[PDB]
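Asks: Here it is, the structure in full.
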Amino acid sequence: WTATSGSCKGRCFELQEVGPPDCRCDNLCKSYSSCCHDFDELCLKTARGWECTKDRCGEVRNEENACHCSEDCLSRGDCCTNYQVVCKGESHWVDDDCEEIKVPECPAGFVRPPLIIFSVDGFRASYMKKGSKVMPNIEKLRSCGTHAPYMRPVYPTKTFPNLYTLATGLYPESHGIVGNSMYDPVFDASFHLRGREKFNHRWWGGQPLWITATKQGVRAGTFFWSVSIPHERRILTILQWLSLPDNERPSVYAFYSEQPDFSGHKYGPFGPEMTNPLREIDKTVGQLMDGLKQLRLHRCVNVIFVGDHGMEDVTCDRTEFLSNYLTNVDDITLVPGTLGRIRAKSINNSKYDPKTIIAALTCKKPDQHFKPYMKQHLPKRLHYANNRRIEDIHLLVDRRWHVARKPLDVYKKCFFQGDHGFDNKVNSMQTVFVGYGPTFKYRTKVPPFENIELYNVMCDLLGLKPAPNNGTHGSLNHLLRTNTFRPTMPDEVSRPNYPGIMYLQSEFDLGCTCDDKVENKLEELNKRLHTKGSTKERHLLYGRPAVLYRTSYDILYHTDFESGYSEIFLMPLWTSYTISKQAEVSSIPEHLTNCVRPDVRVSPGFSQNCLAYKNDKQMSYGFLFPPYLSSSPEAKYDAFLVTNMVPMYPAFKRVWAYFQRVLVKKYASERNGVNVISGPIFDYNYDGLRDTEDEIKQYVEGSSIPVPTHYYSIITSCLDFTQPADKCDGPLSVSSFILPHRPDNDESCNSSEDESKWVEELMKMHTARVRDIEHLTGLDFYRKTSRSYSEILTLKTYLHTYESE
Ligand SMILES: *[C@@H]1O[C@H](CO)[C@@H](O[C@@H]2O[C@H](CO)[C@@H](O[C@@H]3O[C@H](CO[C@H]4O[C@H](CO)[C@@H](O)[C@H](O[C@H]5O[C@H](CO)[C@@H](O)[C@H](O)[C@@H]5O[C@H]5O[C@H](CO)[C@@H](O)[C@H](O)[C@@H]5O)[C@@H]4O)[C@@H](O)[C@H](O[C@H]4O[C@H](CO)[C@@H](O)[C@H](O)[C@@H]4O[C@H]4O[C@H](CO)[C@@H](O)[C@H](O)[C@@H]4O)[C@@H]3O)[C@H](O)[C@H]2NC(C)=O)[C@H](O)[C@H]1NC(C)=O
Ligand SMILES: N#Cc1cc(-c2cc(OC3CC3)ccc2F)c(OCc2n[nH]c3ncccc23)cc1Cl
Ligand SMILES: [Ca+2]
Ligand SMILES: [Ca+2]
Ligand code: NA
Ligand code: NA
Ligand SMILES: [Zn+2]
């Protein structure tokens, strides 16, 4: 109940929220149905429109007008944004040549450059180039400031998940807003775009920038604008707030536009109808910049022009219907559209089975336009599993398609021609970033980066300490002129052991055999040196990874590779080797096919055994350093050491063998050598973080050998591919993956074909950042390069996406 009989007189767009039942004049009052009786009259004035004209210049102040052209308006902070242009002979900001902002040029009393975030809904990345002729203001920001060719949103590529990631630096799974629609089974409550429940504070995790600001003494404007407040009024309210006294004036502001998303859904991303919304957004940008120029703030404020996601062509006829797959279709609830989320209609039904639903959705039609997943099997790059609001069964929908339960759902709801929500590596979902101002660089292009990184930067721009988040602080230092955060490398927690020869062959009883009883002082000393680390400069190019948790491990050296071997997990944490452009692939000779060899540096008690693999009818084994790439027949024997073996389902061995036999060599050819780091990952609770020992749910039968959920590889070379990977003088180039260690290849619908038709496609889907691997392993890579640490941080956040341009 709102007692709506108080008044907004002098309180219009007040910053502090007053408490019920007393009536509100802040810009959320509309959304809560709680504005005072006179809010429209006083706070939403529209008389005479939004622009001065010649005949209004110098007018008598009339408090009814939407904005003012009277002589006192500058001092009142409430001129129309074009007042100086029309009435004082000034130019529009867009018509001024751009000039480097080397230092902030701020009015007296400004403690720090303010930040304005100008967010645009559905602003696809390619609009910057394709719409540039109708967006002159935006094009000046872009060309004069700092810009990326695009910015990667988070999954799902929906509004609230992306805007709240922008505000928190958190993945949706951690902030809680995992879709535009949600059920929380602990609350027994639903979240919708429509209506009231979405404003309850329990939905919203982490700490958004406005709270971070407030808690550290920095004042914030509103971030949420009610749909009924027009854009011109939003801008005027910001400019009014900027004219407040020093002690009252906020330092951080946001504008939001519902366009171009709104029109994009109706007309498609490049509909001829889309030109007008782009023109209109540019006009709003021009209003803000002119307004800032009038206030002498145009060379003082940092402006971020940022989108939440893109837009793709999607029509009603490109809909897959779950009723064409499942008999039981009425026993499920589907969250539909550009992604699918499935749960039981009733938790009173004990005959609901995810296994059989998944199986009925798997590779059932030859051109099937969605793929089902248990959420823990989704590509780890999506980070979309560790929340009770994310249903166990997920459907990744191909770009340009929808999924629905039944046909009736689509026609009893063709309207639309655009939608978004797809996989966040899809080109059509990419969005924009431009930074303009004293703290950003001048005429600088930066590589594409992920929107999870911006919270840290916005905190740096305002002198704030960021709350704990998923950005990698320092990875965006190259965007900034000053206010860099100077990160330092984490300290290594566990130092390795360096074991020598300590065990006789007969001390082992592993059940392994190898045909290797075959015998010189020249080459005896030589092989001794390889086991002491003589080739380690070649195979370990960037120093050894640091172990950032407490554990017990050994560095093992060999001719062709180096490893960090875990006495606790009984396998390497990592294995490092370099394959030159000239290296040769050979086969595993006939006599060595089932060869596994005791490692005399490592005790029986900390070794795997072959008997376990013999008795486990589901599990086989593979090798981290590939025997196919041995540098010589004699060196090949090292690859069969029990300390290089890892457990592998036969189905996964198909993937792994093709990677090691064919793809590594291909990459060495194409990239002029590669350095490879491979290893296991254990993430049984799908939190994206390294499991401790006591979290492992599966072992090789009868043994203490834990089964990885995933295998990783990091593949590094010289960005200047005219230099070989092992003699690179400059910046690096990386691609990585985290492959799920699965007992079937059901994910790949063409897996009965030759590995050349499906394995590389799988690996591309499971592309990863080095940083994703760091979280999953507790390892810190690239510790000894000749590059700056900031540059290395940027490298660690790189994602090789395999999209074209
Ligand atoms: C991305 O960045 C984020 C941010 O850094 C990373 O997330 C952090 O990860 C930490 C480790 O997983 C986690 O630390 C835990 O904190 C617990 C305290 O939690 C509350 O307080 C924090 C801080 O203010 C708050 O942010 C949390 O908010 C969550 O929950 C509410 C709803 O309840 C949501 O509003 C919000 O969206 C958020 O949800 C997300 O996180 C939770 C986990 O907290 C998930 O469950 C959700 O699905 C969702 O993803 C919390 O309100 C603390 O209690 C934990 O301590 C246990 O473990 C330690 C280990 O040292 C041990 O000493 C203790 O014994 C303790 O165990 C006891 O509880 C166990 C479980 O109940 C029990 O089994 C034991 O036997 C014991 O009784 C733990 O320290 C931190 O909270 C989150 N932060 C956030 C914001 O999510 C994330 O990892 C990054 N991702 C990647 C891939 O790198
Ligand atoms: N950084 C950031 C940032 C965050 C938000 C935002 C606001 C929120 O306010 C809480 C609900 C009361 C919640 C979550 C958000 F992420 C944002 O919102 C713009 C917006 N205004 N009006 C809309 N209507 C439909 C959808 C979004 C918005 C804009 C930016 Cl630049
Ligand atoms: Ca949106
Ligand atoms: Ca884990
Ligand atoms: Na076996
Ligand atoms: Na298959
Ligand atoms: Zn939309």
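Going by the structure tokens order, chains are called A, B, ..., each with residues numbered from 1, while ligands are numbered from 1 in the order shown.
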Using only C-alpha atoms and all ligand atoms, tabulate the residues of chain A lying at most 7 Å from any atom of ligand 7, each with its closest atom pair and that distance in Å to one decimal, by chain and increasing residue number, as CSV.

Replies:
```
residue,atom,partner,partner_atom_place_in_ligand_line,distance
A:122,CA,ligand 7,1 (Zn),6.1
A:158,CA,ligand 7,1 (Zn),6.8
A:159,CA,ligand 7,1 (Zn),6.7
A:261,CA,ligand 7,1 (Zn),5.0
A:262,CA,ligand 7,1 (Zn),6.4
A:265,CA,ligand 7,1 (Zn),6.3
A:419,CA,ligand 7,1 (Zn),6.2
A:420,CA,ligand 7,1 (Zn),6.4
```

Asks: Deliver the residues from the most recent selection as a file, using C-alpha atoms, as a compact mmCIF listing (two decimals), in the first residue's frame.

Replies:
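Result file follows (out.txt):
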```txt
# COMPACT_ATOMS: atom_id res chain seq x y z
CA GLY A 122 20.75 -6.04 -28.76
CA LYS A 158 20.04 -12.81 -22.91
CA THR A 159 19.56 -9.32 -21.39
CA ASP A 261 16.81 -5.08 -29.53
CA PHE A 262 13.10 -4.19 -29.62
CA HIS A 265 13.12 -8.97 -32.69
CA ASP A 419 16.22 -13.54 -31.49
CA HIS A 420 19.33 -14.10 -29.30
```

Asks: Name all residues at most 6 Å from region 286-299 of chain A (count only C-alpha atoms; drop same-chain ones fewer than 2 positions away) and give them as a VMD selection string.

Replies: chain A and resid 81 92 to 93 105 137 283 to 284 301

Asks: Rounded to one decimal place, report the CA of residue 446 (chain A)-CA of residue 464 (chain A) distance in Å.

Replies: 23.6 Å

Asks: Where does chain A meet ligand 4 within 6 Å, residue by residue, with the nearest atom pair and distance in Å to one decimal for each, counting only C-alpha atoms and all ligand atoms, listed by chain and rising number, as JSON lines?

Replies:
```
{"residue": "A:683", "atom": "CA", "partner": "ligand 4", "partner_atom_place_in_ligand_line": "1 (Ca)", "distance": 3.9}
{"residue": "A:684", "atom": "CA", "partner": "ligand 4", "partner_atom_place_in_ligand_line": "1 (Ca)", "distance": 5.7}
{"residue": "A:685", "atom": "CA", "partner": "ligand 4", "partner_atom_place_in_ligand_line": "1 (Ca)", "distance": 4.9}
{"residue": "A:686", "atom": "CA", "partner": "ligand 4", "partner_atom_place_in_ligand_line": "1 (Ca)", "distance": 5.3}
{"residue": "A:687", "atom": "CA", "partner": "ligand 4", "partner_atom_place_in_ligand_line": "1 (Ca)", "distance": 4.8}
{"residue": "A:688", "atom": "CA", "partner": "ligand 4", "partner_atom_place_in_ligand_line": "1 (Ca)", "distance": 5.6}
{"residue": "A:689", "atom": "CA", "partner": "ligand 4", "partner_atom_place_in_ligand_line": "1 (Ca)", "distance": 4.2}
{"residue": "A:690", "atom": "CA", "partner": "ligand 4", "partner_atom_place_in_ligand_line": "1 (Ca)", "distance": 4.8}
{"residue": "A:691", "atom": "CA", "partner": "ligand 4", "partner_atom_place_in_ligand_line": "1 (Ca)", "distance": 4.2}
```

Asks: Using N, CA, C and O atoms, can you write the selected residues to a file as a PDB file, in the first residue's frame?

Replies:
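Saved to selection_3.pdb:
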```
ATOM      1  N   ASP A 683      36.709 -32.272 -12.162  1.00  0.00           N
ATOM      2  CA  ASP A 683      35.667 -31.366 -11.704  1.00  0.00           C
ATOM      3  C   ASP A 683      34.329 -32.137 -11.549  1.00  0.00           C
ATOM      4  O   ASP A 683      33.362 -31.872 -12.239  1.00  0.00           O
ATOM      5  N   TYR A 684      34.292 -33.080 -10.594  1.00  0.00           N
ATOM      6  CA  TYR A 684      33.090 -33.876 -10.336  1.00  0.00           C
ATOM      7  C   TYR A 684      31.860 -33.081  -9.810  1.00  0.00           C
ATOM      8  O   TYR A 684      30.719 -33.499 -10.042  1.00  0.00           O
ATOM      9  N   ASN A 685      32.067 -31.932  -9.206  1.00  0.00           N
ATOM     10  CA  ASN A 685      30.946 -31.114  -8.695  1.00  0.00           C
ATOM     11  C   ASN A 685      30.673 -29.911  -9.604  1.00  0.00           C
ATOM     12  O   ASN A 685      29.974 -28.956  -9.207  1.00  0.00           O
ATOM     13  N   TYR A 686      31.228 -29.970 -10.812  1.00  0.00           N
ATOM     14  CA  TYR A 686      31.057 -28.985 -11.881  1.00  0.00           C
ATOM     15  C   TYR A 686      31.009 -27.542 -11.443  1.00  0.00           C
ATOM     16  O   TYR A 686      30.182 -26.760 -11.910  1.00  0.00           O
ATOM     17  N   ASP A 687      31.944 -27.170 -10.565  1.00  0.00           N
ATOM     18  CA  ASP A 687      32.027 -25.767 -10.093  1.00  0.00           C
ATOM     19  C   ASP A 687      33.065 -24.939 -10.868  1.00  0.00           C
ATOM     20  O   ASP A 687      33.255 -23.738 -10.603  1.00  0.00           O
ATOM     21  N   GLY A 688      33.688 -25.565 -11.863  1.00  0.00           N
ATOM     22  CA  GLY A 688      34.786 -24.944 -12.633  1.00  0.00           C
ATOM     23  C   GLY A 688      36.095 -24.834 -11.855  1.00  0.00           C
ATOM     24  O   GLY A 688      37.051 -24.195 -12.331  1.00  0.00           O
ATOM     25  N   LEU A 689      36.175 -25.501 -10.703  1.00  0.00           N
ATOM     26  CA  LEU A 689      37.334 -25.437  -9.854  1.00  0.00           C
ATOM     27  C   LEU A 689      37.965 -26.810  -9.546  1.00  0.00           C
ATOM     28  O   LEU A 689      37.276 -27.801  -9.371  1.00  0.00           O
ATOM     29  N   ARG A 690      39.296 -26.850  -9.456  1.00  0.00           N
ATOM     30  CA  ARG A 690      40.014 -28.071  -9.136  1.00  0.00           C
ATOM     31  C   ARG A 690      39.336 -28.838  -7.978  1.00  0.00           C
ATOM     32  O   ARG A 690      39.067 -28.254  -6.950  1.00  0.00           O
ATOM     33  N   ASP A 691      39.044 -30.119  -8.161  1.00  0.00           N
ATOM     34  CA  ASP A 691      38.580 -30.966  -7.070  1.00  0.00           C
ATOM     35  C   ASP A 691      39.726 -31.338  -6.115  1.00  0.00           C
ATOM     36  O   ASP A 691      40.878 -31.628  -6.550  1.00  0.00           O
TER      37      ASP A 691
END
```

Asks: Write out as a tab-separated table the residues of chain A that have any atom within 6 Å of an atom of ligand 2, one row each with the nearest atom pair and its distance in Å to one decimal, counting only C-alpha atoms and all ligand atoms, sorted by chain and then rising number.

Replies:
```
residue	atom	partner	partner_atom_place_in_ligand_line	distance
A:117	CA	ligand 2	31 (Cl)	5.5
A:119	CA	ligand 2	31 (Cl)	4.9
A:160	CA	ligand 2	16 (F)	5.5
A:163	CA	ligand 2	16 (F)	3.7
A:164	CA	ligand 2	16 (F)	3.3
A:166	CA	ligand 2	1 (N)	4.5
A:167	CA	ligand 2	1 (N)	3.4
A:199	CA	ligand 2	11 (C)	5.4
A:223	CA	ligand 2	7 (C)	5.1
A:224	CA	ligand 2	21 (N)	3.6
A:225	CA	ligand 2	21 (N)	4.1
A:226	CA	ligand 2	22 (N)	5.6
A:254	CA	ligand 2	31 (Cl)	5.2
A:256	CA	ligand 2	19 (C)	4.9
```

Asks: Between CA of residue 108 (chain A) and CA of residue 252 (chain A), what is the distance in Å, rounded to a tenth?

Replies: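 Taking CA of residue 108 (chain A) and CA of residue 252 (chain A), their separation equals 17.8 Å.
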
Asks: Select from chain A every residue with an atom at most 12 Å from any atom of ligand 6, then for each give the shortest pair of atoms and their distance in Å to one decimal, using only C-alpha atoms and all ligand atoms, rows by chain and rising number, as a Markdown table.

Replies:
```
| residue | atom | partner | partner_atom_place_in_ligand_line | distance |
| --- | --- | --- | --- | --- |
| A:359 | CA | ligand 6 | 1 (Na) | 11.5 |
| A:362 | CA | ligand 6 | 1 (Na) | 8.8 |
| A:363 | CA | ligand 6 | 1 (Na) | 7.6 |
| A:364 | CA | ligand 6 | 1 (Na) | 10.9 |
| A:371 | CA | ligand 6 | 1 (Na) | 11.7 |
| A:651 | CA | ligand 6 | 1 (Na) | 9.8 |
| A:652 | CA | ligand 6 | 1 (Na) | 11.5 |
| A:654 | CA | ligand 6 | 1 (Na) | 11.8 |
| A:655 | CA | ligand 6 | 1 (Na) | 11.9 |
| A:742 | CA | ligand 6 | 1 (Na) | 11.4 |
| A:743 | CA | ligand 6 | 1 (Na) | 11.0 |
| A:744 | CA | ligand 6 | 1 (Na) | 7.2 |
| A:745 | CA | ligand 6 | 1 (Na) | 4.5 |
| A:746 | CA | ligand 6 | 1 (Na) | 3.8 |
| A:747 | CA | ligand 6 | 1 (Na) | 5.8 |
| A:748 | CA | ligand 6 | 1 (Na) | 4.4 |
| A:749 | CA | ligand 6 | 1 (Na) | 4.1 |
| A:750 | CA | ligand 6 | 1 (Na) | 5.6 |
| A:751 | CA | ligand 6 | 1 (Na) | 4.4 |
| A:752 | CA | ligand 6 | 1 (Na) | 6.4 |
| A:753 | CA | ligand 6 | 1 (Na) | 9.0 |
| A:754 | CA | ligand 6 | 1 (Na) | 11.6 |
| A:755 | CA | ligand 6 | 1 (Na) | 11.3 |
| A:757 | CA | ligand 6 | 1 (Na) | 11.8 |
| A:758 | CA | ligand 6 | 1 (Na) | 9.4 |
| A:759 | CA | ligand 6 | 1 (Na) | 10.9 |
| A:762 | CA | ligand 6 | 1 (Na) | 11.0 |
```

Asks: Name the residues of region 217-423 of chain A that come out as strand (DSSP E or B) in a backbone DSSP run; write them as a compact mmCIF listing (two decimals) with N, CA and C atoms, in the first residue's frame.

Replies:
```txt
# COMPACT_ATOMS: atom_id res chain seq x y z
N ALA A 220 26.28 6.87 -6.61
CA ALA A 220 25.86 6.31 -7.87
C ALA A 220 24.51 6.84 -8.30
N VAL A 252 29.16 7.77 -10.73
CA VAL A 252 28.90 6.75 -11.71
C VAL A 252 27.42 6.80 -12.08
N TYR A 253 27.14 6.72 -13.39
CA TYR A 253 25.83 6.80 -14.02
C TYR A 253 25.66 5.70 -15.07
N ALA A 254 24.40 5.37 -15.34
CA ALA A 254 24.06 4.49 -16.43
C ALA A 254 22.90 5.03 -17.25
N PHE A 255 22.97 4.82 -18.56
CA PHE A 255 21.84 5.00 -19.47
C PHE A 255 21.55 3.62 -20.05
N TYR A 256 20.29 3.29 -20.31
CA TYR A 256 19.94 2.08 -21.02
C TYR A 256 18.98 2.42 -22.17
N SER A 257 19.24 1.83 -23.33
CA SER A 257 18.31 1.84 -24.43
C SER A 257 17.75 0.43 -24.74
N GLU A 258 16.43 0.33 -24.90
CA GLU A 258 15.71 -0.90 -25.24
C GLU A 258 15.93 -1.26 -26.70
N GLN A 259 16.33 -0.26 -27.47
CA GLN A 259 16.75 -0.38 -28.86
C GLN A 259 18.27 -0.59 -28.96
N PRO A 260 18.75 -1.31 -29.99
CA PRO A 260 17.95 -1.77 -31.12
C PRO A 260 17.27 -3.14 -30.94
N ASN A 302 34.56 9.81 -18.41
CA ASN A 302 34.78 8.58 -19.16
C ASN A 302 33.41 7.97 -19.55
N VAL A 303 33.25 7.67 -20.82
CA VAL A 303 32.03 7.11 -21.38
C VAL A 303 32.31 5.70 -21.89
N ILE A 304 31.49 4.73 -21.51
CA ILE A 304 31.56 3.36 -22.02
C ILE A 304 30.27 3.14 -22.80
N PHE A 305 30.43 2.82 -24.08
CA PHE A 305 29.35 2.46 -24.97
C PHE A 305 29.45 0.96 -25.16
N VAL A 306 28.50 0.25 -24.59
CA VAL A 306 28.55 -1.18 -24.46
C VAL A 306 27.19 -1.81 -24.73
N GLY A 307 27.19 -2.99 -25.36
CA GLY A 307 25.97 -3.75 -25.59
C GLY A 307 25.89 -4.96 -24.70
N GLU A 312 20.27 -12.42 -34.03
CA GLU A 312 20.35 -13.36 -35.15
C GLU A 312 18.99 -13.44 -35.87
N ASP A 313 19.02 -13.83 -37.16
CA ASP A 313 17.76 -14.16 -37.92
C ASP A 313 17.15 -15.44 -37.43
N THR A 319 11.59 -23.99 -36.02
CA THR A 319 11.35 -24.48 -34.69
C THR A 319 11.35 -26.03 -34.68
N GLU A 320 12.16 -26.61 -33.80
CA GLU A 320 12.15 -28.03 -33.48
C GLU A 320 11.18 -28.21 -32.31
N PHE A 321 10.40 -29.29 -32.33
CA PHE A 321 9.36 -29.50 -31.34
C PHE A 321 9.66 -30.76 -30.59
N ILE A 332 7.01 -33.20 -18.90
CA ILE A 332 8.12 -32.24 -18.78
C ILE A 332 7.66 -30.79 -18.77
N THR A 333 8.47 -29.95 -18.13
CA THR A 333 8.45 -28.49 -18.26
C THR A 333 9.70 -28.13 -19.09
N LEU A 334 9.48 -27.39 -20.18
CA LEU A 334 10.55 -26.82 -20.98
C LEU A 334 10.58 -25.29 -20.82
N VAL A 335 11.74 -24.76 -20.44
CA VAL A 335 12.09 -23.35 -20.71
C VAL A 335 12.58 -23.24 -22.19
N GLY A 337 13.06 -21.78 -26.49
CA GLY A 337 13.42 -20.70 -27.40
C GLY A 337 14.80 -20.95 -27.94
N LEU A 339 17.54 -21.42 -26.23
CA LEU A 339 18.15 -22.47 -25.42
C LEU A 339 17.00 -23.26 -24.84
N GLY A 340 17.32 -24.46 -24.38
CA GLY A 340 16.32 -25.33 -23.79
C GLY A 340 16.75 -25.75 -22.43
N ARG A 341 15.82 -25.71 -21.48
CA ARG A 341 16.08 -26.23 -20.16
C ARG A 341 14.88 -27.08 -19.77
N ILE A 342 15.15 -28.32 -19.38
CA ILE A 342 14.11 -29.31 -19.12
C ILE A 342 14.19 -29.80 -17.68
N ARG A 343 13.03 -29.83 -17.02
CA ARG A 343 12.86 -30.56 -15.76
C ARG A 343 11.51 -31.30 -15.75
N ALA A 344 11.27 -32.09 -14.70
CA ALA A 344 10.01 -32.82 -14.53
C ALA A 344 8.88 -31.84 -14.26
N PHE A 370 19.37 -28.97 -32.57
CA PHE A 370 19.72 -28.79 -31.16
C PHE A 370 20.38 -30.08 -30.68
N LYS A 371 21.12 -29.96 -29.58
CA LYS A 371 21.85 -31.09 -29.01
C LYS A 371 21.63 -31.08 -27.53
N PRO A 372 21.21 -32.22 -26.97
CA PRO A 372 21.01 -32.26 -25.55
C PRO A 372 22.28 -32.58 -24.78
N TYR A 373 22.30 -32.08 -23.54
CA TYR A 373 23.43 -32.24 -22.65
C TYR A 373 22.93 -32.34 -21.24
N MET A 374 23.50 -33.24 -20.45
CA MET A 374 23.48 -33.01 -19.00
C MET A 374 24.35 -31.76 -18.76
N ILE A 393 19.07 -30.95 -17.50
CA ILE A 393 19.01 -31.21 -18.90
C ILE A 393 18.95 -29.89 -19.63
N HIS A 394 19.88 -29.73 -20.57
CA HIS A 394 20.06 -28.50 -21.32
C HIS A 394 20.07 -28.81 -22.77
N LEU A 395 19.51 -27.91 -23.58
CA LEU A 395 19.58 -28.07 -25.01
C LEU A 395 20.34 -26.90 -25.60
N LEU A 396 21.43 -27.18 -26.29
CA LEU A 396 22.10 -26.12 -27.06
C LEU A 396 21.50 -26.10 -28.43
N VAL A 397 20.94 -24.95 -28.79
CA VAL A 397 20.16 -24.79 -29.99
C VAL A 397 21.04 -24.18 -31.04
N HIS A 402 14.86 -22.23 -32.99
CA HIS A 402 14.23 -22.32 -31.69
C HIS A 402 13.91 -23.78 -31.38
N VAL A 403 13.72 -24.04 -30.11
CA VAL A 403 13.15 -25.28 -29.65
C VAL A 403 11.90 -24.94 -28.86
N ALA A 404 10.86 -25.77 -29.03
CA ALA A 404 9.62 -25.65 -28.25
C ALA A 404 9.09 -27.03 -27.89
N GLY A 418 13.81 -11.92 -35.39
CA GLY A 418 15.12 -11.88 -34.72
C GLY A 418 15.03 -12.49 -33.33
N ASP A 419 16.11 -13.14 -32.89
CA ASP A 419 16.22 -13.54 -31.49
C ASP A 419 17.71 -13.71 -31.10
```

Asks: Measuring between only C-alpha atoms, which one of A:612, A:668, A:773, A:642 shows the shortest distance to residue 514 (chain A)?

Replies: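 Looking at the shortest contact to residue 514 (chain A), the residue is A:642.
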
Asks: Would you name the residues within 6 Å of ligand 1, counting only C-alpha atoms and all ligand atoms, and put them as a list in words?

Replies: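 Final answer, ordered by chain and number: residues 170, 173, 174, 175, 176, 202, 204, 205, 206, 386, 387, 388, 468, 469, 470, 688, 689 and 775 of chain A.
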
Asks: Mind listing the residues within 7 Å of ligand 5, only C-alpha atoms and all ligand atoms counted, as a list in words?

Replies: residues 613, 614, 615, 616, 617, 618, 619 and 620 of chain A

Asks: Hey, can you check how far CA of residue 640 (chain A) sits from CA of residue 622 (chain A)?

Replies: 9.7 Å

Asks: So which one's closest to residue 649 (chain A), A:214, A:703, A:490, A:621? Using only C-alpha atoms, please.

Replies: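 Answer, going by the shortest atom-to-atom distance: A:621.
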
Asks: From the options A:213, A:714, A:120, A:281, which residue's atoms come nearest to residue 680 (chain A), counting only C-alpha atoms?

Replies: A:714

Asks: Give me, as a VMD selection string, all polymer residues having an atom no more than 10 Å from residue 492 (chain A), counting only C-alpha atoms and skipping those fewer than 2 positions away in the same chain.

Replies: chain A and resid 489 to 490 494 to 495 545 to 550 779 to 780

Asks: Considering only C-alpha atoms, state which residue in the set A:378, A:718, A:69, A:770 is at the smallest distance from residue 736 (chain A).

Replies: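 Selected residue with least distance to residue 736 (chain A): A:770.
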
Asks: From the set A:110, A:50, A:737, A:553, which residue has the shortest atom-to-atom contact distance to residue 66 (chain A), counting only C-alpha atoms?

Replies: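 Answer, going by the shortest atom-to-atom distance: A:50.
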
Asks: Return the single residue from A:237, A:7, A:263, A:566 that is closest to ligand 3, with distances computed using only C-alpha atoms and all ligand atoms.

Replies: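 Going through A:237, A:7, A:263, A:566 one by one, the smallest distance to ligand 3 is for A:263.
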
Asks: Any chance you could list, as an NGL selection string, the residues in region 474-621 of chain A that come up helix (DSSP H, G or I) when DSSP is run on the backbone?

Replies: :A and (477-479 or 505-507 or 521-532 or 536-539 or 590-592 or 604-606 or 610-615)
